[PDB]
Amino acid sequence: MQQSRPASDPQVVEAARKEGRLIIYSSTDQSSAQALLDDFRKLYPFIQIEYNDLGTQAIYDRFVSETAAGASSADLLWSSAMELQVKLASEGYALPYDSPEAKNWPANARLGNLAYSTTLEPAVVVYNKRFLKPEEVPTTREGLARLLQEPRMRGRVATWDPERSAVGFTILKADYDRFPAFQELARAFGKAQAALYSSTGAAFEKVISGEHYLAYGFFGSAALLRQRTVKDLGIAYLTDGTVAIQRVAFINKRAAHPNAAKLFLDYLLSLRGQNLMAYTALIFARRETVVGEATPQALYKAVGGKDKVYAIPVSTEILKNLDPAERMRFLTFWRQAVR
Ligand SMILES: OCCC(CO)CO
Ligand SMILES: C[As](C)(=O)[O-]
Ligand code: NA
Ligand code: NA
(Lines give C-alpha, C1' and ligand atoms only; values in the text may rest on other atoms or scores of the structure.)
(Ligands and ions follow the chains in the order given, each with its own letter.)
Protein backbone atom coordinates (compact mmCIF):
# COMPACT_ATOMS: atom_id res chain seq x y z
CA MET A 1 0.00 0.00 0.00
CA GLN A 2 2.92 2.36 0.99
CA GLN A 3 3.85 3.94 -2.43
CA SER A 4 0.28 5.58 -2.50
CA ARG A 5 0.32 7.42 0.95
CA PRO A 6 -1.04 11.03 0.59
CA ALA A 7 1.60 13.84 0.43
CA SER A 8 2.16 15.03 4.07
CA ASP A 9 4.01 17.76 5.98
CA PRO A 10 5.93 15.99 8.82
CA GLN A 11 5.09 18.98 11.15
CA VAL A 12 1.34 18.46 10.37
CA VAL A 13 1.45 14.63 11.02
CA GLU A 14 3.29 15.25 14.36
CA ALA A 15 0.70 17.92 15.40
CA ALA A 16 -2.19 15.48 14.34
CA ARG A 17 -0.39 12.81 16.53
CA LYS A 18 -0.76 15.21 19.58
CA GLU A 19 -4.44 16.08 18.92
CA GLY A 20 -5.38 12.35 18.21
CA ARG A 21 -9.04 13.37 17.09
CA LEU A 22 -11.16 14.37 14.07
CA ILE A 23 -14.82 15.60 14.07
CA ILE A 24 -16.52 15.31 10.81
CA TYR A 25 -20.02 16.66 10.11
CA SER A 26 -20.77 15.08 6.61
CA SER A 27 -23.72 14.66 4.17
CA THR A 28 -22.02 11.49 2.77
CA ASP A 29 -23.91 8.46 4.15
CA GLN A 30 -21.53 6.71 6.60
CA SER A 31 -22.08 3.26 4.84
CA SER A 32 -20.64 4.94 1.65
CA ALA A 33 -17.85 6.84 3.57
CA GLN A 34 -16.89 3.84 5.77
CA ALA A 35 -14.22 2.44 3.35
CA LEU A 36 -12.56 5.91 3.38
CA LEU A 37 -12.71 6.24 7.24
CA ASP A 38 -11.28 2.63 7.73
CA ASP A 39 -8.49 3.22 5.12
CA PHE A 40 -7.74 6.76 6.47
CA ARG A 41 -7.32 5.21 10.03
CA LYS A 42 -4.92 2.47 8.62
CA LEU A 43 -2.61 5.38 7.33
CA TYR A 44 -3.02 7.39 10.68
CA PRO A 45 -4.14 4.78 13.26
CA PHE A 46 -3.52 7.48 16.02
CA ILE A 47 -6.68 9.47 14.91
CA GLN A 48 -10.08 8.67 16.71
CA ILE A 49 -12.80 9.83 14.13
CA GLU A 50 -16.35 11.16 15.01
CA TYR A 51 -18.33 10.75 11.88
CA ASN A 52 -21.61 12.71 12.28
CA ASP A 53 -23.62 11.80 9.07
CA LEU A 54 -26.24 14.67 8.95
CA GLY A 55 -28.71 16.28 6.54
CA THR A 56 -27.14 19.20 4.60
CA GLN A 57 -29.32 21.86 6.42
CA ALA A 58 -28.58 20.13 9.77
CA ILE A 59 -24.78 20.52 9.15
CA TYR A 60 -25.16 24.26 8.26
CA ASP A 61 -27.56 25.03 11.17
CA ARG A 62 -25.59 22.95 13.77
CA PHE A 63 -22.15 24.40 12.88
CA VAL A 64 -23.55 28.09 12.88
CA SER A 65 -25.14 27.52 16.24
CA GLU A 66 -21.98 25.84 17.80
CA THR A 67 -19.67 28.50 16.42
CA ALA A 68 -21.93 31.53 17.58
CA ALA A 69 -22.51 29.82 21.00
CA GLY A 70 -18.64 29.60 21.00
CA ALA A 71 -18.73 25.76 21.55
CA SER A 72 -16.42 22.99 20.15
CA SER A 73 -17.98 22.08 16.70
CA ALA A 74 -16.54 19.90 13.84
CA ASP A 75 -12.86 19.93 12.75
CA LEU A 76 -14.01 19.33 9.01
CA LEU A 77 -17.34 19.99 7.09
CA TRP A 78 -18.12 17.79 4.00
CA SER A 79 -21.39 18.48 2.19
CA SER A 80 -23.19 18.23 -1.16
CA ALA A 81 -24.95 21.57 -0.33
CA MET A 82 -22.50 23.58 -2.44
CA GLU A 83 -24.09 27.05 -1.88
CA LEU A 84 -24.19 26.54 1.97
CA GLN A 85 -20.54 25.30 2.07
CA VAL A 86 -19.35 28.19 -0.19
CA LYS A 87 -21.40 30.62 1.98
CA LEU A 88 -19.68 29.37 5.20
CA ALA A 89 -16.21 29.33 3.55
CA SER A 90 -16.70 32.95 2.23
CA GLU A 91 -17.96 34.31 5.61
CA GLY A 92 -14.97 33.51 7.91
CA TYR A 93 -15.78 29.91 8.94
CA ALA A 94 -12.93 28.23 6.93
CA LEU A 95 -9.26 27.62 7.78
CA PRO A 96 -7.04 28.68 4.86
CA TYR A 97 -4.97 25.57 3.90
CA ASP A 98 -3.20 24.92 0.55
CA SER A 99 -3.72 21.13 0.05
CA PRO A 100 -0.54 19.45 -1.35
CA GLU A 101 -2.95 16.88 -3.01
CA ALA A 102 -4.89 19.63 -4.85
CA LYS A 103 -1.97 21.08 -6.92
CA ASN A 104 -3.79 20.08 -10.19
CA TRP A 105 -7.35 21.02 -9.04
CA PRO A 106 -8.97 23.35 -11.54
CA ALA A 107 -9.55 26.88 -10.17
CA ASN A 108 -13.35 26.22 -10.32
CA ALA A 109 -12.89 23.15 -8.04
CA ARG A 110 -11.42 25.14 -5.05
CA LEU A 111 -12.30 28.41 -3.30
CA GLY A 112 -8.64 29.39 -3.37
CA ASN A 113 -7.26 27.87 -0.12
CA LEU A 114 -10.66 27.95 1.66
CA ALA A 115 -12.63 24.92 0.37
CA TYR A 116 -12.18 22.03 -2.10
CA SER A 117 -14.25 19.84 -4.44
CA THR A 118 -14.11 16.11 -3.50
CA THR A 119 -16.42 14.78 -6.27
CA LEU A 120 -17.61 15.48 -9.84
CA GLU A 121 -21.09 13.92 -9.93
CA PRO A 122 -23.19 14.12 -13.09
CA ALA A 123 -26.97 14.64 -13.28
CA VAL A 124 -28.06 11.68 -15.39
CA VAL A 125 -31.17 9.96 -16.69
CA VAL A 126 -32.22 6.73 -14.98
CA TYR A 127 -34.81 4.35 -16.37
CA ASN A 128 -36.46 0.99 -15.74
CA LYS A 129 -35.07 -1.33 -18.57
CA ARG A 130 -38.30 -3.47 -18.34
CA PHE A 131 -40.30 -0.48 -19.75
CA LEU A 132 -37.76 1.65 -21.76
CA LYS A 133 -34.92 -0.08 -23.57
CA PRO A 134 -31.50 1.74 -23.78
CA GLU A 135 -31.93 2.47 -27.56
CA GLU A 136 -35.22 4.49 -27.07
CA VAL A 137 -33.91 6.54 -24.07
CA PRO A 138 -32.98 10.02 -25.51
CA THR A 139 -29.60 11.51 -24.32
CA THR A 140 -30.59 15.13 -24.95
CA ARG A 141 -33.11 17.59 -23.45
CA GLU A 142 -34.77 18.04 -26.92
CA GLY A 143 -35.19 14.23 -27.42
CA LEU A 144 -36.52 13.78 -23.85
CA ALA A 145 -39.11 16.59 -24.43
CA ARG A 146 -40.18 14.57 -27.55
CA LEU A 147 -40.46 11.22 -25.66
CA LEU A 148 -42.57 12.95 -22.93
CA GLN A 149 -45.22 13.92 -25.59
CA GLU A 150 -46.14 10.19 -25.73
CA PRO A 151 -49.34 9.13 -23.89
CA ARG A 152 -47.48 5.95 -22.73
CA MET A 153 -45.16 8.37 -20.68
CA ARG A 154 -47.95 10.34 -18.91
CA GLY A 155 -47.39 9.84 -15.14
CA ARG A 156 -44.21 7.83 -15.99
CA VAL A 157 -41.62 10.62 -15.23
CA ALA A 158 -39.86 11.60 -11.95
CA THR A 159 -37.67 14.65 -11.37
CA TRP A 160 -36.60 16.90 -8.47
CA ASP A 161 -38.89 19.22 -6.56
CA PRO A 162 -36.62 22.33 -6.54
CA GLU A 163 -39.00 23.86 -3.93
CA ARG A 164 -38.51 20.98 -1.40
CA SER A 165 -34.82 19.94 -2.24
CA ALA A 166 -31.74 22.25 -2.00
CA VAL A 167 -29.70 19.85 -4.21
CA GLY A 168 -32.64 19.49 -6.64
CA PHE A 169 -32.81 23.32 -6.83
CA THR A 170 -29.03 23.61 -7.48
CA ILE A 171 -29.03 20.99 -10.27
CA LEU A 172 -32.26 22.15 -12.08
CA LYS A 173 -31.22 25.81 -11.72
CA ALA A 174 -27.76 24.98 -13.30
CA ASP A 175 -29.67 23.18 -16.09
CA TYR A 176 -31.99 26.23 -16.62
CA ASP A 177 -28.99 28.71 -16.59
CA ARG A 178 -26.73 26.62 -18.98
CA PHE A 179 -29.18 24.96 -21.51
CA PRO A 180 -31.98 26.77 -23.34
CA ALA A 181 -33.44 23.31 -24.26
CA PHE A 182 -34.18 22.78 -20.48
CA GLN A 183 -37.23 25.14 -20.94
CA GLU A 184 -38.76 22.82 -23.61
CA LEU A 185 -38.03 19.83 -21.31
CA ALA A 186 -39.62 21.57 -18.27
CA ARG A 187 -42.77 22.22 -20.35
CA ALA A 188 -42.69 18.48 -21.34
CA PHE A 189 -42.64 17.56 -17.61
CA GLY A 190 -45.93 19.57 -17.41
CA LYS A 191 -47.24 17.60 -20.45
CA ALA A 192 -46.19 14.21 -19.01
CA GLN A 193 -47.49 15.18 -15.45
CA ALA A 194 -43.99 14.62 -13.99
CA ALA A 195 -44.03 13.73 -10.26
CA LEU A 196 -41.54 15.84 -8.21
CA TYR A 197 -39.47 14.27 -5.41
CA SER A 198 -37.55 15.86 -2.55
CA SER A 199 -35.29 12.72 -2.25
CA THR A 200 -33.44 10.42 -4.74
CA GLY A 201 -34.66 7.38 -2.86
CA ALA A 202 -38.42 8.38 -3.24
CA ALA A 203 -37.89 8.86 -6.93
CA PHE A 204 -35.80 5.67 -7.48
CA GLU A 205 -38.29 3.44 -5.57
CA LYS A 206 -41.10 4.52 -8.09
CA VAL A 207 -38.78 3.91 -11.10
CA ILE A 208 -37.84 0.41 -9.77
CA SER A 209 -41.57 -0.55 -9.19
CA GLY A 210 -42.34 0.79 -12.72
CA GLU A 211 -44.85 3.36 -11.31
CA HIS A 212 -42.41 5.65 -13.26
CA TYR A 213 -40.24 4.57 -16.26
CA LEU A 214 -37.75 7.54 -16.17
CA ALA A 215 -36.20 9.97 -13.73
CA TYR A 216 -34.33 13.12 -14.79
CA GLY A 217 -31.62 14.99 -12.85
CA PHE A 218 -30.63 12.49 -10.16
CA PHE A 219 -26.91 11.85 -9.72
CA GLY A 220 -24.82 9.14 -11.30
CA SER A 221 -23.28 8.18 -7.88
CA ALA A 222 -26.72 7.15 -6.45
CA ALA A 223 -27.71 5.48 -9.71
CA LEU A 224 -24.45 3.34 -9.83
CA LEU A 225 -24.86 2.39 -6.21
CA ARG A 226 -28.52 1.30 -6.77
CA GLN A 227 -27.59 -0.52 -10.07
CA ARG A 228 -24.98 -2.67 -8.19
CA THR A 229 -28.12 -4.52 -6.77
CA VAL A 230 -30.90 -3.60 -9.38
CA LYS A 231 -29.85 -4.72 -12.91
CA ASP A 232 -33.26 -3.35 -14.26
CA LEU A 233 -32.03 0.22 -13.48
CA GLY A 234 -30.46 1.85 -16.56
CA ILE A 235 -28.31 5.02 -16.71
CA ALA A 236 -28.17 7.37 -19.73
CA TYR A 237 -25.64 10.26 -19.86
CA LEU A 238 -26.81 13.51 -21.56
CA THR A 239 -24.69 14.18 -24.67
CA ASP A 240 -26.08 17.74 -25.27
CA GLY A 241 -24.42 18.82 -22.01
CA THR A 242 -24.24 17.47 -18.45
CA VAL A 243 -24.31 19.43 -15.14
CA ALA A 244 -22.17 18.04 -12.30
CA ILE A 245 -22.27 18.80 -8.56
CA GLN A 246 -19.15 18.76 -6.35
CA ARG A 247 -19.25 17.73 -2.64
CA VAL A 248 -17.36 20.55 -0.88
CA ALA A 249 -14.95 19.97 2.01
CA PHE A 250 -13.36 22.64 4.27
CA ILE A 251 -11.58 22.81 7.64
CA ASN A 252 -13.20 24.70 10.49
CA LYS A 253 -11.19 27.97 11.17
CA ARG A 254 -11.89 27.16 14.84
CA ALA A 255 -11.18 23.38 14.41
CA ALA A 256 -9.79 21.98 17.84
CA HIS A 257 -7.76 19.31 15.84
CA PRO A 258 -7.02 21.30 12.60
CA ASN A 259 -3.95 19.12 11.72
CA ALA A 260 -6.05 15.90 11.68
CA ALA A 261 -8.58 17.81 9.49
CA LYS A 262 -5.65 18.56 7.07
CA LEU A 263 -4.56 14.82 7.06
CA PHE A 264 -8.25 13.72 6.39
CA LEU A 265 -8.74 16.51 3.69
CA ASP A 266 -5.46 15.57 1.88
CA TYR A 267 -6.51 11.89 2.06
CA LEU A 268 -10.00 12.66 0.50
CA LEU A 269 -8.29 14.58 -2.39
CA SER A 270 -5.43 12.06 -2.90
CA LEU A 271 -5.51 9.38 -5.63
CA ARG A 272 -5.68 6.72 -2.86
CA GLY A 273 -8.87 8.27 -1.33
CA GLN A 274 -10.41 9.24 -4.70
CA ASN A 275 -9.67 5.72 -6.08
CA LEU A 276 -11.33 4.07 -3.04
CA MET A 277 -14.31 6.45 -3.14
CA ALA A 278 -14.89 5.67 -6.90
CA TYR A 279 -14.24 1.90 -6.49
CA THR A 280 -16.06 1.14 -3.18
CA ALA A 281 -18.67 3.90 -2.76
CA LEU A 282 -19.39 4.45 -6.53
CA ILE A 283 -19.23 8.21 -5.79
CA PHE A 284 -17.94 9.96 -8.99
CA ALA A 285 -14.35 11.13 -8.24
CA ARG A 286 -13.00 14.68 -8.75
CA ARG A 287 -9.42 13.57 -9.52
CA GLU A 288 -8.85 13.09 -13.26
CA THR A 289 -6.37 10.16 -12.85
CA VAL A 290 -8.89 7.73 -11.23
CA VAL A 291 -9.56 4.57 -13.32
CA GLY A 292 -13.10 3.15 -13.24
CA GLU A 293 -16.79 3.80 -13.99
CA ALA A 294 -17.42 6.56 -11.39
CA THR A 295 -14.62 8.83 -12.70
CA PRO A 296 -14.07 11.96 -14.78
CA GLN A 297 -12.47 9.95 -17.65
CA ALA A 298 -15.56 7.62 -17.80
CA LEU A 299 -18.01 10.59 -17.51
CA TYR A 300 -16.20 12.53 -20.32
CA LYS A 301 -16.25 9.41 -22.57
CA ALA A 302 -20.02 8.85 -21.83
CA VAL A 303 -21.12 12.47 -22.61
CA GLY A 304 -18.93 12.85 -25.76
CA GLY A 305 -16.10 14.99 -24.30
CA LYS A 306 -14.95 17.00 -21.27
CA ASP A 307 -16.27 20.19 -23.04
CA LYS A 308 -19.88 18.79 -22.57
CA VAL A 309 -19.57 18.74 -18.70
CA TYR A 310 -20.48 21.91 -16.77
CA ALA A 311 -19.09 21.53 -13.24
CA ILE A 312 -21.11 23.69 -10.79
CA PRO A 313 -18.10 25.58 -9.43
CA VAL A 314 -16.69 25.75 -5.91
CA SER A 315 -17.08 29.53 -6.25
CA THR A 316 -18.98 32.44 -4.63
CA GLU A 317 -20.53 32.96 -8.11
CA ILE A 318 -23.03 30.16 -7.21
CA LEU A 319 -24.40 32.34 -4.34
CA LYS A 320 -26.62 33.98 -7.02
CA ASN A 321 -28.77 30.84 -6.35
CA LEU A 322 -29.59 32.33 -2.87
CA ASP A 323 -30.72 35.70 -4.34
CA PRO A 324 -34.56 36.03 -3.86
CA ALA A 325 -35.19 37.79 -7.30
CA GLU A 326 -32.96 35.06 -9.03
CA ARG A 327 -34.85 32.15 -7.25
CA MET A 328 -38.16 34.04 -8.02
CA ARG A 329 -37.41 34.11 -11.86
CA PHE A 330 -36.39 30.40 -12.06
CA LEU A 331 -39.19 29.12 -9.76
CA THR A 332 -41.80 31.24 -11.70
CA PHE A 333 -40.73 29.61 -14.98
CA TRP A 334 -40.53 26.12 -13.35
CA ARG A 335 -43.93 26.09 -11.63
CA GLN A 336 -45.69 27.37 -14.83
CA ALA A 337 -43.86 24.82 -17.06
CA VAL A 338 -44.39 21.69 -14.82
CA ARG A 339 -48.00 22.48 -13.47
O1 LIG B 1 -4.18 6.43 -12.76
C2 LIG B 1 -3.89 5.87 -11.48
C3 LIG B 1 -4.20 4.37 -11.31
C4 LIG B 1 -5.28 4.01 -10.29
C5 LIG B 1 -6.38 5.09 -10.16
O6 LIG B 1 -7.68 4.58 -9.87
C7 LIG B 1 -5.91 2.67 -10.67
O8 LIG B 1 -4.90 1.75 -11.11
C1 LIG C 1 -30.06 14.15 -0.58
AS2 LIG C 1 -30.86 12.57 -1.43
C3 LIG C 1 -29.46 11.38 -2.12
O4 LIG C 1 -31.72 11.64 -0.22
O5 LIG C 1 -31.98 13.05 -2.66
NA1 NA D 1 -9.49 28.90 -7.12
NA1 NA E 1 -32.49 9.55 -0.80
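Rules of the game
Residues numbered from 1 in each chain as written, not as in the entry; some residues may be left out. Chains lettered and ligands numbered in written order. Heavy atoms only, no water. Donors = N, O, S within 2.8 Å, 3.2 Å for Na, K, Ca; no water. Buried < 20%, exposed > 50% of the residue type's maximum accessible area, 1.4 Å probe, protein only. UniProt positions renumbered as here; feature names shortened; annotations may be inferred. Helix = DSSP H or I, 4+ residues; strand = E, 2+ residues; numbered from the N terminus. Polar contact = N/O pair within 3.5 Å; in protein donor to acceptor, adjacent residues only side chain to side chain. Near = heavy atom within 4 Å. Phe/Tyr/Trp six-rings, centres within 6.5 Å; stacked < 30°, edge-to-face > 60°. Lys NZ or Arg CZ within 6 Å of the ring centre and 35° of its normal.

### A few points about the coordination of the sodium ion (ligand 3)
Then comes step 1: Every protein donor of the sodium ion (ligand 3) is listed here as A107 (O) and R110 (O), and their distances to the metal cover 2.9 to 3.0 Å.
Then comes step 2: The class for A107 is exposed, based on a relative accessible area of 68%.
Then comes step 3: Judged by its relative accessible area of 14%, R110 is buried.

### Some thoughts on the UniProt feature "binding site: Mn(2+)" (unreviewed entry) in the protein
Then comes step 1: The feature "binding site: Mn(2+)" (unreviewed entry), as annotated in UniProt, sits at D29 in this numbering.
Then comes step 2: Considering the arrangement of structural elements, one finds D29 in the loop between β1 (21-26) and α2 (30-43).
Then comes step 3: Polar side-chain contacts of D29 include one of 2.3 Å to the side chain of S31.

### With respect to the site of ligand 2
Then comes step 1: Ligand 2 sits among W160, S199 and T200.
Then comes step 2: Between an oxygen atom of ligand 2 and a main-chain N or O atom of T200, the distance comes to 2.6 Å.

### Remarks on the packing of aromatic side chains
Then comes step 1: A complete count under the given rule lists 18 aromatic pairs for this structure.
Then comes step 2: With centroids separated by 5.3 Å and ring planes inclined at 50°, the aromatic side chains of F63 and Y93 adopt a geometry described as tilted. Placement of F63 in helix α3 (residues 56-68) and of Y93 in the loop between α4 (82-89) and β4 (116-117) is noted, with a sequence separation of 30 residues between them.
Then comes step 3: Judged by its relative accessible area of 0%, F63 falls in the buried class.
Then comes step 4: Classification of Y93 by relative accessible area gives buried; the value is 15%.
Then comes step 5: Ring centres of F204 and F218 lie 5.8 Å apart, and the angle between their planes is 70°; this geometry places the pair in the edge-to-face category. Separated by 14 residues along the polypeptide, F204 in helix α8 (residues 200-209) and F218 in strand β8 (residues 214-219) bring together distant segments of the chain.
Then comes step 6: Judged by relative accessible area, which is 0%, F218 ranks as buried.
Then comes step 7: Aromatic ring contacts, followed pair by pair, group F169, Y176, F182, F189, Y216, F330, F333 and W334 into a single cluster.
Then comes step 8: For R178, the ring lying beneath its charged end belongs to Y310, and the centroid distance is 4.3 Å.

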